[PDB]
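Report on one structure; see the data block that follows.
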Amino acid sequence: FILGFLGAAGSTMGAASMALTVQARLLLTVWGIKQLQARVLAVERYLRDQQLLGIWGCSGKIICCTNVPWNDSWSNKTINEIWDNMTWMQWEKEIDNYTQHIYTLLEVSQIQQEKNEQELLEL
Amino acid sequence: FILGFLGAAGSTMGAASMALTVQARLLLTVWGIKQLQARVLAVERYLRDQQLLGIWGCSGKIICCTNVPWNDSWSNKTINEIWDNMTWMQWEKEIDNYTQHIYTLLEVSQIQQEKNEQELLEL
Amino acid sequence: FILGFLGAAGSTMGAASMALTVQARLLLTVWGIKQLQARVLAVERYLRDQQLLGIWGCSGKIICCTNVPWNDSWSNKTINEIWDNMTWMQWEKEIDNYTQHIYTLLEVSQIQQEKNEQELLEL
Amino acid sequence: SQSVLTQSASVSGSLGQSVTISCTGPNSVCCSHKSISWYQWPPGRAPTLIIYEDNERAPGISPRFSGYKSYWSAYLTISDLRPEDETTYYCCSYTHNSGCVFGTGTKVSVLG
Amino acid sequence: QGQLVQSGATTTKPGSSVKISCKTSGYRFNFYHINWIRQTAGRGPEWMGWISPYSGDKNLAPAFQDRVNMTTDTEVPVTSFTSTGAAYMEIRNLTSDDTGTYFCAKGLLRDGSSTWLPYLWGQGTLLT
Ligand SMILES: *[C@@H]1O[C@H](CO)[C@@H](O[C@@H]2O[C@H](CO)[C@@H](O[C@@H]3O[C@H](CO[C@H]4O[C@H](CO)[C@@H](O)[C@H](O[C@H]5O[C@H](CO)[C@@H](O)[C@H](O)[C@@H]5O)[C@@H]4O)[C@@H](O)[C@H](O[C@H]4O[C@H](CO)[C@@H](O)[C@H](O)[C@@H]4O)[C@@H]3O)[C@H](O)[C@H]2NC(C)=O)[C@H](O)[C@H]1NC(C)=O
Ligand SMILES: *[C@@H]1O[C@H](CO)[C@@H](O)[C@H](O)[C@H]1NC(C)=O
Ligand SMILES: *[C@@H]1O[C@H](CO)[C@@H](O)[C@H](O)[C@H]1NC(C)=O
Ligand SMILES: *[C@@H]1O[C@H](CO)[C@@H](O)[C@H](O)[C@H]1NC(C)=O
Ligand SMILES: *[C@@H]1O[C@H](CO)[C@@H](O)[C@H](O)[C@H]1NC(C)=O
Ligand SMILES: *[C@@H]1O[C@H](CO)[C@@H](O)[C@H](O)[C@H]1NC(C)=O
Ligand SMILES: *[C@@H]1O[C@H](CO)[C@@H](O)[C@H](O)[C@H]1NC(C)=O
């Protein structure tokens with residue numbers, strides 16, 4: 001295999017982008033109630049993720065390319081000084097402000113993609 | 001943005017079909033128990049919808065075209081007098097009887113699609 | 001319709017592979033607690049299945065072909081003496097040992113597929 | 001009368017036959033840059049919309065009625081003449097944010 | 001799919017002004033424009049103008065601009081898809097050339113390119 005579950009947490013994003021299905025598997029009365037509570041919460045956070053992947057056209061993807069051009073206002077950094085230097089945790093602390101802005105940009109591109117796809121299959 | 005969450009409830013189906021991801025986001029001890037109960041029920045109704053979209057080949061779609069020809073027994077109305085006149089709520093009150101019949105028609109078309117797709121990739 | 005829900009349990013795999021959406025539909029205080037418990041458990045086992053179909057590239061498929069070549073160590077049996085003879089229950093009792101090995105083979109093929117697909121759309 | 005949109009004056013037909021009524025004006029009201037609406041209109045009473053957008057019928061309109069618009073004139077044909085077709089018919093040019101520029105009428109007689 | 005009943009047959013003399021009513025029922029009055037047409041003994045049909053029971057918008061032909069007083073009420077909801085409203089039609093410099101039958105006409109659709117096309121007509125009112 002590879003390193004394991006989160007084993008590339010302090011690794012470069014280039015090596016960490018490989019084998020992402022190791023963290024895609026393990027993502028899914030006082031004792032009984034507090035055990036069932038965590039069970040329902042787990043399904044919620046997971047579904048919230050699949051929900052996002054669905055309304056982005058990535059439902060069923062681990063690596064998913066899109067249409068939204070990378071705005072340099074988010075980060076004027078090269079592909080090289082990101083994927084061969086910064087770790088995934090460092091990176092999204094830098095995109096932390098712009099993460100809720102890109103999320104909106106991905107939904108319009110999926111809604112304006114099937115809207116066009118609808119016109120395509122009208123012929 | 002657009003009007004918001006259900007903002008096109010009394011709007012024409014043509015304008016309402018645009019920006020459907022606004023109602024795709026917000027779709028997912030006496031107080032504690034009655035709060036957790038609503039939490040489990042929500043995940044159920046949502047999954048029942050994604051379940052249907054899956055066994056229709058639309059898993060991950062907002063607008064999804066299919067194969068089933070529109071039977072005029074359901075409604076002999078033009079595309080014009082629907083998408084530029086009736087609101088989405090008016091429409092499905094008219095298709096209310098035939099909704100559980102079309103649901104069956106969509107599943108056979110997805111089962112008889114991958115069955116053929118199976119023969120395709122045998123070559 | 002066809003036979004119904006599991007109606008092809010003792011039928012040949014060839015006939016049973018047809019109309020698989022009949023078992024894809026019906027898959028999803030002492031009384032209240034033991035009723036809600038089964039409700040949360042159901043969503044879990046179901047999601048575990050969709051979770052697997054997702055990290056296999058089959059998210060949204062009923063019949064899904066892949067890349068992994070069929071190792072004869074699992075079973076040196078012909079396509080004929082399987083799909084026209086053994087029932088689905090007989091079959092997976094024979095693959096029972098190798099089922100957790102193939103599951104791993106399907107995830108690498110999906111991770112090493114989008115990894116290549118990423119390079120494809122770089123041009 | 002001052003209508004800039006002329007029709008085929010008057011025309012007649014026989015039971016079981018089909019008719020056709022023209023409709024054309026100058027480059028200011030016809031046709032490739034304007035819709036056309038056809039109205040059945042008994043004398044001084046309640047009219048009825050027959051065809052809008054050149055070839056689309058109103059709800060319930062019998063399939064006999066038909067339309068066609070070339071770059072200089074639009075035509076209204078009445079397939080299978082039934083006895084209840086004795087009246088006058090007018091056209092109209094219009095866009096989305098304009099008004100109905102009506103026609104000069106074409107009384108139709110189905111005597112037979 | 002509803003009725004558009006108007007006023008009676010009120011005949012005045014030149015220079016004056018006449019009010020014509022147009023009460024709706026059986027259809028959401030706010031969803032479709034209200035057009036006003038007439039057929040005078042001297043011309044054929046003539047389009048006067050429409051009004052929006054929702055946008056409050058007015059668009060009349062330049063032939064009837066500085067003469068028409070066109071207004072509407074506000075629909076009284078009967079059901080979720082039904083209502084009852086009324087449009088009003090007045091004219092300024094009235095003559096005997098304007099003598100003819102007048103009606104109101106509910107629009108055709110709510111969107112597209114044929115939204116205001118006078119589809120559903122009233123009953124007719126004879127002027128001077
Ligand atoms: C609630 O429900 C009501 C009624 O159902 C909806 O209102 C109707 O909306 C439709 C579509 O949006 C309208 O049809 C359009 O009409 C315009 C005409 O507007 C133009 O002309 C007017 C007169 O000349 C003029 O007033 C307009 O100017 C602006 O200013 C006014 C000020 O009042 C403003 O109200 C206008 O909105 C304008 O912004 C304007 O110049 C016509 O142009 C449209 O055709 C175009 O668009 C369609 C696609 O929509 C396209 O196919 C065409 O080719 C063309 O490009 C279209 O016919 C209708 O007039 C409205 N009113 C009714 C039916 O009474 C309302 O939208 C609903 N709201 C919600 C939130 O659901
Ligand atoms: C980048 O984002 C800013 C807002 O954060 C926006 O104003 C600007 O137009 C964007 N530029 C590009 C090229 O997308
Ligand atoms: C996010 O916003 C805060 C506002 O206080 C700012 O201090 C911080 O630098 C911003 N982060 C980035 C990555 O721009
Ligand atoms: C339409 O549906 C009816 C049953 O509701 C069926 O008998 C008929 O064959 C169908 N017609 C078409 C053209 O699909
Ligand atoms: C549905 O069936 C009921 C049976 O009582 C009938 O009254 C109703 O009109 C039907 N709806 C449609 C849209 O046909
Ligand atoms: C079959 O599986 C065995 C382990 O079970 C492995 O050693 C062998 O290389 C595999 N052969 C092929 C052809 O995949
Ligand atoms: C699985 O392993 C057990 C080990 O005890 C063995 O007895 C059994 O035959 C194996 N099953 C298959 C199908 O090889």
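Letters A, B, ... go to the chains of the structure tokens in the order shown; residues in each chain start at 1; ligands are counted from 1 in the same order.
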Env of residue 85 in chain A: 8 Å cut, atoms = only C-alpha atoms, seq-sep filter 3 positions within chain, self excluded. Answer as a short mmCIF file (atom, residue, chain, number, x, y, z; two decimals) with N, CA, C and O atoms, in the first residue's frame.
data_model
loop_
_atom_site.label_atom_id
_atom_site.label_comp_id
_atom_site.auth_asym_id
_atom_site.auth_seq_id
_atom_site.Cartn_x
_atom_site.Cartn_y
_atom_site.Cartn_z
N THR A 12 4.34 16.48 1.05
CA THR A 12 4.06 17.41 -0.04
C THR A 12 2.74 17.06 -0.71
O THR A 12 2.34 15.89 -0.77
N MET A 13 2.06 18.09 -1.23
CA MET A 13 0.77 17.87 -1.87
C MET A 13 0.89 16.99 -3.11
O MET A 13 -0.07 16.30 -3.47
N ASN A 80 4.30 24.90 -9.01
CA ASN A 80 5.48 24.24 -8.46
C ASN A 80 5.62 24.51 -6.97
O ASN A 80 5.80 23.58 -6.17
N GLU A 81 5.53 25.78 -6.57
CA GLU A 81 5.68 26.12 -5.15
C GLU A 81 4.44 25.76 -4.31
O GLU A 81 4.34 26.21 -3.17
N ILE A 82 3.52 24.97 -4.85
CA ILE A 82 2.37 24.47 -4.10
C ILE A 82 2.48 22.96 -3.99
O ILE A 82 2.65 22.42 -2.90
#
Around ligand 6, at most 10 Å away and counting only C-alpha atoms and all ligand atoms, which residues are there? Put them as number ranges by chain, please. C: 68-74, 97-98, 101-102
Please find the residues of chain E near chain D - the criterion being any atom within 8 Å, counting only C-alpha atoms - and write them as a list in words.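 Residues of chain E within 8 Å of chain D, counting only C-alpha atoms: residues 39, 42, 43, 44, 45, 46, 47, 49, 59, 60, 61, 101, 112, 113, 114, 115, 116, 117, 118, 119, 120, 121, 122, 123 and 124 of chain E.
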Could the residues in this selection be written to a file with N, CA, C and O atoms, as an mmCIF file, in the first residue's frame?
data_model
loop_
_atom_site.group_PDB
_atom_site.id
_atom_site.type_symbol
_atom_site.label_atom_id
_atom_site.label_comp_id
_atom_site.auth_asym_id
_atom_site.auth_seq_id
_atom_site.Cartn_x
_atom_site.Cartn_y
_atom_site.Cartn_z
ATOM 1 N N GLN E 39 -63.370 47.869 -32.382
ATOM 2 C CA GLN E 39 -63.701 47.777 -33.803
ATOM 3 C C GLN E 39 -64.680 48.904 -34.122
ATOM 4 O O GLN E 39 -65.862 48.824 -33.772
ATOM 5 N N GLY E 42 -65.722 52.387 -39.490
ATOM 6 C CA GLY E 42 -64.942 53.327 -40.273
ATOM 7 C C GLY E 42 -63.572 52.758 -40.567
ATOM 8 O O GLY E 42 -62.998 52.989 -41.635
ATOM 9 N N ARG E 43 -63.041 52.012 -39.608
ATOM 10 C CA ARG E 43 -61.827 51.226 -39.765
ATOM 11 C C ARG E 43 -62.159 49.760 -39.493
ATOM 12 O O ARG E 43 -63.326 49.360 -39.451
ATOM 13 N N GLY E 44 -61.119 48.957 -39.308
ATOM 14 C CA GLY E 44 -61.285 47.593 -38.875
ATOM 15 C C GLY E 44 -61.008 47.478 -37.392
ATOM 16 O O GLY E 44 -61.492 48.276 -36.583
ATOM 17 N N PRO E 45 -60.227 46.477 -37.005
ATOM 18 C CA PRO E 45 -59.768 46.394 -35.616
ATOM 19 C C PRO E 45 -58.548 47.270 -35.383
ATOM 20 O O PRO E 45 -57.735 47.503 -36.280
ATOM 21 N N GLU E 46 -58.428 47.756 -34.149
ATOM 22 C CA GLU E 46 -57.324 48.631 -33.780
ATOM 23 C C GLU E 46 -56.870 48.309 -32.364
ATOM 24 O O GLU E 46 -57.687 48.288 -31.438
ATOM 25 N N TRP E 47 -55.572 48.060 -32.204
ATOM 26 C CA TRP E 47 -55.003 47.777 -30.894
ATOM 27 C C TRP E 47 -54.739 49.080 -30.152
ATOM 28 O O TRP E 47 -54.137 50.007 -30.703
ATOM 29 N N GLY E 49 -53.825 49.206 -26.360
ATOM 30 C CA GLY E 49 -52.754 49.069 -25.396
ATOM 31 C C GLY E 49 -53.083 48.035 -24.350
ATOM 32 O O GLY E 49 -54.234 47.635 -24.162
ATOM 33 N N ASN E 59 -48.324 49.945 -21.852
ATOM 34 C CA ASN E 59 -47.758 50.134 -23.184
ATOM 35 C C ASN E 59 -48.922 50.199 -24.157
ATOM 36 O O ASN E 59 -49.609 49.198 -24.383
ATOM 37 N N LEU E 60 -49.140 51.374 -24.725
ATOM 38 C CA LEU E 60 -50.205 51.590 -25.680
ATOM 39 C C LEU E 60 -49.611 52.039 -27.011
ATOM 40 O O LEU E 60 -48.462 52.489 -27.076
ATOM 41 N N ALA E 61 -50.406 51.931 -28.069
ATOM 42 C CA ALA E 61 -49.977 52.427 -29.365
ATOM 43 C C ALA E 61 -49.940 53.955 -29.361
ATOM 44 O O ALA E 61 -50.783 54.599 -28.729
ATOM 45 N N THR E 101 -67.435 48.957 -30.913
ATOM 46 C CA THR E 101 -67.436 47.929 -29.880
ATOM 47 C C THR E 101 -66.044 47.814 -29.272
ATOM 48 O O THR E 101 -65.047 47.771 -29.996
ATOM 49 N N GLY E 112 -41.855 34.135 -22.555
ATOM 50 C CA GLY E 112 -41.594 33.816 -23.946
ATOM 51 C C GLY E 112 -41.578 35.036 -24.843
ATOM 52 O O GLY E 112 -41.061 36.090 -24.460
ATOM 53 N N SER E 113 -42.140 34.905 -26.043
ATOM 54 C CA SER E 113 -42.249 36.021 -26.972
ATOM 55 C C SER E 113 -43.689 36.386 -27.300
ATOM 56 O O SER E 113 -43.915 37.362 -28.024
ATOM 57 N N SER E 114 -44.665 35.633 -26.793
ATOM 58 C CA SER E 114 -46.081 35.926 -26.995
ATOM 59 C C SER E 114 -46.779 35.956 -25.637
ATOM 60 O O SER E 114 -47.686 35.176 -25.350
ATOM 61 N N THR E 115 -46.333 36.883 -24.788
ATOM 62 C CA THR E 115 -46.847 36.977 -23.426
ATOM 63 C C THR E 115 -48.147 37.770 -23.370
ATOM 64 O O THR E 115 -49.105 37.357 -22.708
ATOM 65 N N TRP E 116 -48.192 38.903 -24.063
ATOM 66 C CA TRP E 116 -49.308 39.833 -23.992
ATOM 67 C C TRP E 116 -50.352 39.605 -25.069
ATOM 68 O O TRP E 116 -51.371 40.300 -25.065
ATOM 69 N N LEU E 117 -50.114 38.675 -25.998
ATOM 70 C CA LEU E 117 -50.992 38.502 -27.151
ATOM 71 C C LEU E 117 -52.431 38.293 -26.693
ATOM 72 O O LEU E 117 -52.743 37.285 -26.044
ATOM 73 N N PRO E 118 -53.327 39.238 -27.007
ATOM 74 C CA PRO E 118 -54.703 39.182 -26.489
ATOM 75 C C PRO E 118 -55.413 37.869 -26.782
ATOM 76 O O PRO E 118 -55.971 37.679 -27.866
ATOM 77 N N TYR E 119 -55.404 36.961 -25.806
ATOM 78 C CA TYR E 119 -55.962 35.624 -25.979
ATOM 79 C C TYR E 119 -57.442 35.569 -25.603
ATOM 80 O O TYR E 119 -58.300 35.323 -26.457
ATOM 81 N N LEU E 120 -57.750 35.795 -24.329
ATOM 82 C CA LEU E 120 -59.100 35.643 -23.800
ATOM 83 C C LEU E 120 -59.817 36.986 -23.820
ATOM 84 O O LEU E 120 -59.430 37.913 -23.099
ATOM 85 N N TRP E 121 -60.874 37.077 -24.618
ATOM 86 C CA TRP E 121 -61.610 38.316 -24.814
ATOM 87 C C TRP E 121 -62.781 38.418 -23.843
ATOM 88 O O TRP E 121 -63.229 37.430 -23.256
ATOM 89 N N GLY E 122 -63.280 39.642 -23.689
ATOM 90 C CA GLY E 122 -64.437 39.889 -22.855
ATOM 91 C C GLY E 122 -65.745 39.633 -23.574
ATOM 92 O O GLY E 122 -65.889 38.625 -24.273
ATOM 93 N N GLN E 123 -66.707 40.541 -23.411
ATOM 94 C CA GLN E 123 -68.006 40.415 -24.057
ATOM 95 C C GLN E 123 -68.290 41.506 -25.078
ATOM 96 O O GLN E 123 -69.002 41.248 -26.049
ATOM 97 N N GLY E 124 -67.751 42.700 -24.893
ATOM 98 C CA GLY E 124 -67.998 43.790 -25.821
ATOM 99 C C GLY E 124 -68.925 44.834 -25.227
ATOM 100 O O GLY E 124 -69.906 44.511 -24.544
#
Which residues of chain A have any atom within 10 Å of an atom in chain C when counting only C-alpha atoms, and what is the closest pair of atoms for each, with the distance in Å to one decimal? Order the rows by chain and rising number and write it as a tab-separated table.
residue	atom	partner	partner_atom	distance
A:1	CA	C:108	CA	9.6
A:17	CA	C:115	CA	8.7
A:18	CA	C:111	CA	7.7
A:19	CA	C:111	CA	6.3
A:20	CA	C:111	CA	7.3
A:21	CA	C:55	CA	6.7
A:22	CA	C:107	CA	9.3
A:24	CA	C:55	CA	7.4
A:25	CA	C:51	CA	7.8
A:27	CA	C:51	CA	9.5
A:28	CA	C:48	CA	7.2
A:36	CA	C:37	CA	8.2
A:39	CA	C:40	CA	7.9
A:40	CA	C:40	CA	7.1
A:42	CA	C:44	CA	9.7
A:43	CA	C:44	CA	7.5
A:46	CA	C:47	CA	9.7
A:47	CA	C:47	CA	9.1
A:50	CA	C:51	CA	9.6
A:59	CA	C:59	CA	7.4
A:60	CA	C:54	CA	4.8
A:61	CA	C:57	CA	7.2
A:62	CA	C:114	CA	7.5
A:63	CA	C:114	CA	6.2
A:64	CA	C:118	CA	7.9
A:65	CA	C:118	CA	7.4
Counting only C-alpha atoms and all ligand atoms, what residues are within 6 Å of ligand 1, given as a list in words?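 What falls inside 6 Å of ligand 1 is residues 8, 10 and 11 of chain B; 96 and 97 of chain D; 30, 31, 32, 33, 52, 53, 54, 55, 57, 59, 110, 111, 112, 113 and 115 of chain E.
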Write the residues you've just listed into a file as a JSON list (two decimals), in the first residue's frame, and include N, CA and C atoms for each of them.
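As written to disk, result15.json reads:
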[["chain", "number", "residue", "atom", "x", "y", "z"],
["B", 8, "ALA", "N", -38.66, 31.08, -6.62],
["B", 8, "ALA", "CA", -39.41, 30.89, -7.85],
["B", 8, "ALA", "C", -40.48, 29.82, -7.68],
["B", 10, "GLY", "N", -43.80, 30.53, -7.27],
["B", 10, "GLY", "CA", -44.92, 30.97, -8.08],
["B", 10, "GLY", "C", -44.46, 31.56, -9.40],
["B", 11, "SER", "N", -43.23, 31.25, -9.79],
["B", 11, "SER", "CA", -42.67, 31.71, -11.06],
["B", 11, "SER", "C", -42.87, 30.66, -12.14],
["D", 96, "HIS", "N", -42.16, 41.03, -28.95],
["D", 96, "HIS", "CA", -42.39, 40.76, -27.53],
["D", 96, "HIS", "C", -42.88, 42.01, -26.80],
["D", 97, "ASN", "N", -42.36, 43.18, -27.16],
["D", 97, "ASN", "CA", -42.72, 44.40, -26.45],
["D", 97, "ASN", "C", -43.38, 45.42, -27.37],
["E", 30, "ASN", "N", -53.17, 38.57, -11.78],
["E", 30, "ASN", "CA", -51.86, 39.20, -11.80],
["E", 30, "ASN", "C", -50.89, 38.56, -12.79],
["E", 31, "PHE", "N", -51.18, 37.36, -13.29],
["E", 31, "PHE", "CA", -50.20, 36.64, -14.09],
["E", 31, "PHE", "C", -50.21, 37.03, -15.56],
["E", 32, "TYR", "N", -51.26, 37.69, -16.05],
["E", 32, "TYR", "CA", -51.40, 37.98, -17.47],
["E", 32, "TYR", "C", -51.80, 39.43, -17.67],
["E", 33, "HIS", "N", -51.25, 40.05, -18.72],
["E", 33, "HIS", "CA", -51.59, 41.42, -19.06],
["E", 33, "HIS", "C", -53.08, 41.54, -19.41],
["E", 52, "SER", "N", -50.22, 45.79, -17.09],
["E", 52, "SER", "CA", -49.75, 44.65, -16.31],
["E", 52, "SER", "C", -50.39, 44.68, -14.92],
["E", 53, "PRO", "N", -51.26, 43.72, -14.58],
["E", 53, "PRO", "CA", -51.86, 43.69, -13.24],
["E", 53, "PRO", "C", -50.86, 43.41, -12.13],
["E", 54, "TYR", "N", -49.62, 43.12, -12.50],
["E", 54, "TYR", "CA", -48.55, 42.87, -11.54],
["E", 54, "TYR", "C", -47.44, 43.91, -11.65],
["E", 55, "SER", "N", -46.83, 44.06, -12.82],
["E", 55, "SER", "CA", -45.81, 45.08, -13.01],
["E", 55, "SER", "C", -46.37, 46.50, -12.97],
["E", 57, "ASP", "N", -47.30, 48.00, -15.38],
["E", 57, "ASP", "CA", -46.72, 48.63, -16.55],
["E", 57, "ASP", "C", -47.76, 48.86, -17.63],
["E", 59, "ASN", "N", -48.32, 49.95, -21.85],
["E", 59, "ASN", "CA", -47.76, 50.13, -23.18],
["E", 59, "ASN", "C", -48.92, 50.20, -24.16],
["E", 110, "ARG", "N", -47.24, 33.84, -19.71],
["E", 110, "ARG", "CA", -46.50, 34.56, -18.68],
["E", 110, "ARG", "C", -45.02, 34.73, -19.02],
["E", 111, "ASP", "N", -44.56, 34.21, -20.15],
["E", 111, "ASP", "CA", -43.15, 34.27, -20.52],
["E", 111, "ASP", "C", -43.04, 33.89, -21.99],
["E", 112, "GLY", "N", -41.86, 34.14, -22.56],
["E", 112, "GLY", "CA", -41.59, 33.82, -23.95],
["E", 112, "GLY", "C", -41.58, 35.04, -24.84],
["E", 113, "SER", "N", -42.14, 34.91, -26.04],
["E", 113, "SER", "CA", -42.25, 36.02, -26.97],
["E", 113, "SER", "C", -43.69, 36.39, -27.30],
["E", 115, "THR", "N", -46.33, 36.88, -24.79],
["E", 115, "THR", "CA", -46.85, 36.98, -23.43],
["E", 115, "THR", "C", -48.15, 37.77, -23.37]]
If the limit is 6 Å from any atom of ligand 5, counting only C-alpha atoms and all ligand atoms, which residues qualify? Return them as a count of residues only. 4
Counting only C-alpha atoms, what is within 7 Å of residue 3 in chain E, bar same-chain residues fewer than 2 positions away, as a list in words? residues 5, 24, 25 and 26 of chain E
Saved selection, atoms kept: C-alpha atoms, as a PDB file, in the first residue's frame:
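Resulting contents of part04.pdb:
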ATOM      1  CA  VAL E   5     -67.263  40.578 -17.990  1.00  0.00           C
ATOM      2  CA  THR E  24     -62.021  39.028 -14.072  1.00  0.00           C
ATOM      3  CA  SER E  25     -62.677  35.659 -12.429  1.00  0.00           C
ATOM      4  CA  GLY E  26     -61.387  32.107 -12.711  1.00  0.00           C
TER       5      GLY E  26
END
